[PDB]
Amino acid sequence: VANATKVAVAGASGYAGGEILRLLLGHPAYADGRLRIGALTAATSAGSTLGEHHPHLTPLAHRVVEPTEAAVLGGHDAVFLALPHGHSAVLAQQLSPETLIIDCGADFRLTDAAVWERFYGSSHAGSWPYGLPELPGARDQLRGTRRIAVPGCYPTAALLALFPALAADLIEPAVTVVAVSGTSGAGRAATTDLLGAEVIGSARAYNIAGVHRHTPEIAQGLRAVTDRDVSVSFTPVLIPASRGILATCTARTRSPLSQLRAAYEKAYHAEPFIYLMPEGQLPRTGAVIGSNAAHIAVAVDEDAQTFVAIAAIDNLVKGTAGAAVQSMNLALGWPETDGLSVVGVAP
């Protein structure tokens, strides 16, 4: 059990960095003095105050953003990396080795070098314990870890929706995922196609037909629960919301619905963040915003011989920062649910 942890956040001015800070402010270790918020770093934002970026985080508004450098990041027991991929290997190498390093990007997520290279165009750096505690065998690798690779947002929703059925061998291993997402998932770098005037009142699929980099990440998590050949058709759709992922996940099945439901019960009955919808209810992203919860319902389309699983998460909490803090709690030997509410902020 960690006694006193001074935390830095690299990429503090971005959405993921902002959300880590929000959750750390609400964490009971912050309140009782055991967790201390240190250096807040970025690139070009350095020299500005945090309030200029995250006006919702008023207790920290006056903090001056510092450059993202080893000298600034030194002397922290834990360092969150909330930066675009391709910096954390370089950066992680510069930090004291015993630092708990929690990487929100993709660099340490994937376990196959040829898959990595294909989708990311660089040499594979390797892999770190995957920050999705609810996956079979995941929680054990996170306890006492000094290294965490936080999952992508879409794979979190897809894996939670699909792994129990596939693990029980109750569906075919060719899965289809169509997931809608709020725009905060795309980050805070200004581009035309993320402007409000463009996104408000409009929906669009993007990176379709296997080009999205989260495709192999879904396939990897699934391959860990079955011996069968997994395929993934993944289509992300940007919708006019700031937060939220609703993943619609399908696969061929000939199994009774009651057996599929039993597989979800077994997987999730004692998982505090997973909420199985009551009969006749279905998830909505509105219900999970600002919580670390995933709300899940499953069904069978008999005419179509198709299993349907719906999963809703907050992309910034269970999809990113909440996953990071949940995994942090595990790494430090603190109660896993600390700082992480299952109650949504709705309407």
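By rigid core we mean the largest C-alpha set that fits within 1.5 Å across both forms. In case it trips you up, residue 1 is the first one in the sequence shown, and so on.
Put simply, when the other structures in 7 other deposited structures of this protein are lined up on the rigid core, the C-alpha atoms of 80 to 88 lie farther off than those of the other stretch, from 225 to 233 and 80 to 88. Take 234 to 242 and 93 to 101, fit the other structures onto the shown form by the rigid core, and average the C-alpha distances in 7 other deposited structures of this protein: the farther stretch is 93 to 101. Higher mean CA B-factor, judged across 111 to 119 and 244 to 252 from the recorded values: 111 to 119.
On average the C-alpha atoms of 82 to 90 have higher B-factors than those of the other stretch, with 82 to 90 and 170 to 178 being the two compared. Take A205, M277, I274, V225 and read off each C-alpha B-factor from the entry; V225 has the highest.
Across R188, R147, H214, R261, the entry's maximum B-factor at the CA atom is seen for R188. Among all modelled residues in its chain, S184 ranks in the middle third by Cα B-factor.
Sorting the modelled residues of the chain by their CA temperature factor places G290 in the middle third.
Annotation for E69: C-alpha temperature factor in the highest third relative to the rest of the modelled chain, per the entry. For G33, the recorded CA temperature factor ranks within the highest third of the chain's modelled residues. In the PDB entry, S233 places in the lowest third of its chain by CA B-factor.
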